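> Here come the first chain(s), positioned as in the complex:
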Amino acid sequence: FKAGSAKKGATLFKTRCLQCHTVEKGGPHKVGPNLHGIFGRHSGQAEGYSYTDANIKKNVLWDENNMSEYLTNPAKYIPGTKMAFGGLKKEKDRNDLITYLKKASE
């Protein structure tokens, strides 16, 4: 992370985040939780919001570095996302699948 443009970041939040998040202290939850005080806190802990199983599966102390990686692809931390288009968690499942597919497709 390198410090960038807070003005451009504001426009980004408004057009990319605001539809599911508020950020001001005491702001309401929406589809996603209010993000006030998120950087001095652990993930999956906003008062008054109950998260998916994502927050018992991974747990970070938010900072610029780990949030930058999060925001690369937040959808993959939402359970169900990977399975929706055929994603397979277990490497053995993927081996098994491919072994069959190589035969079934020839």
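Thanks, I have it. Numbering: from 1, shown residues only, chains lettered A, B, ... in the order given.

> show me the contacts for the residue nearest the centre of chain A.
The residue lying closest to the centre of chain A (CA atoms, centre = their mean) is residue A:74, at 2.8 Å. Contacts for residue A:74 (CB atoms under 8 Å, 6 or more residues apart in numbering) come out as none. The C-beta positions use only the backbone N, C-alpha and C, and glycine is treated the same way.

> Now do the phi/psi pair for it.
The phi/psi pair for residue A:74 (degrees, to the nearest 10) reads phi -70, psi -30.

> Tabulate the CA atom coordinates of the lengthiest helix in chain A in PDB.
Using DSSP state H, we find that the single longest helix of chain A is helix A:91-104. Extracted as PDB, the C-alpha positions of helix A:91-104 are listed here (Å, rounded to 0.1, in the frame of the first residue of the first chain):
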ATOM      1  CA  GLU A  91      -7.400 -31.000  -4.500                       C
ATOM      2  CA  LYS A  92      -8.400 -34.600  -4.500                       C
ATOM      3  CA  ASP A  93     -11.900 -33.700  -5.800                       C
ATOM      4  CA  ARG A  94     -10.300 -31.800  -8.600                       C
ATOM      5  CA  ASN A  95      -8.000 -34.700  -9.400                       C
ATOM      6  CA  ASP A  96     -10.900 -37.100  -9.400                       C
ATOM      7  CA  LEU A  97     -13.000 -34.800 -11.500                       C
ATOM      8  CA  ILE A  98     -10.200 -34.300 -14.100                       C
ATOM      9  CA  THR A  99      -9.500 -38.000 -14.200                       C
ATOM     10  CA  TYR A 100     -13.100 -38.700 -15.100                       C
ATOM     11  CA  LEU A 101     -13.400 -35.700 -17.500                       C
ATOM     12  CA  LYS A 102     -10.300 -36.700 -19.500                       C
ATOM     13  CA  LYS A 103     -12.000 -40.000 -20.200                       C
ATOM     14  CA  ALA A 104     -15.600 -38.700 -20.500                       C
END
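
> let's bring in chain B now:
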Amino acid sequence: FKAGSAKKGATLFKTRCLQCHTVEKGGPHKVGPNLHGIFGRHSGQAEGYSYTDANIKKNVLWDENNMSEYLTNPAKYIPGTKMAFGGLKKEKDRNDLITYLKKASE
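Putting chain B together with the chains above:
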């Protein structure tokens, strides 16, 4: 990739893939393309099927290795997927947003 179980792989296809793919020669397209002969071709060129922009973005001659990685998370290669929950392409976009969010959330 290690050779695995074609019978377990077959149950996996039926329950995880079949809803969007067929595999037999001459099989119909569904939401996704028929996969006959997939291991003998490049990605994104099944006859009679027209793909998302994913196939002018990423290109691969399919084999066990690169399809194992694909099947880790296929939804990642569908355009729109990352953006849907606030995903940010550009590093500088991410930098800008975090710079703003650190202030906005204090």
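
> Same as before for the contacts of residue A:74, with chain B this time.
By CB atoms under 8 Å, 6 or more residues apart in numbering or on different chains, the contact set of residue A:74 is B:85, B:86, B:87.

> One more: residue A:87?
A:81, B:71, B:72, B:73, B:74, B:75.

> For the first one, grab phi and psi.
Put plainly, it is residue A:81. Dihedral angles (degrees, to the nearest 10) for residue A:81: phi -60, psi -50.

> if I look at it, how far off is residue B:78?
Using CB to CB, to the nearest Å, residue A:81 is found at 11 Å from residue B:78.

> Of those two, which one has the most company?
Neighbour comparison, residue A:81 and residue B:78: the larger count goes to residue A:81, with 19 against 14 (by other CB atoms under 10 Å in any protein chain shown).

> what about the residue lying closest to that one once chain neighbours are set aside, how many residues close to it?
Nearest residue to residue A:81 in three dimensions, chain neighbours excluded: residue A:75, at 5.1 Å (CB to CB, 6 or more residues apart in numbering or on different chains). Here the number of neighbours of residue A:75 (other CB under 10 Å) works out to 20.
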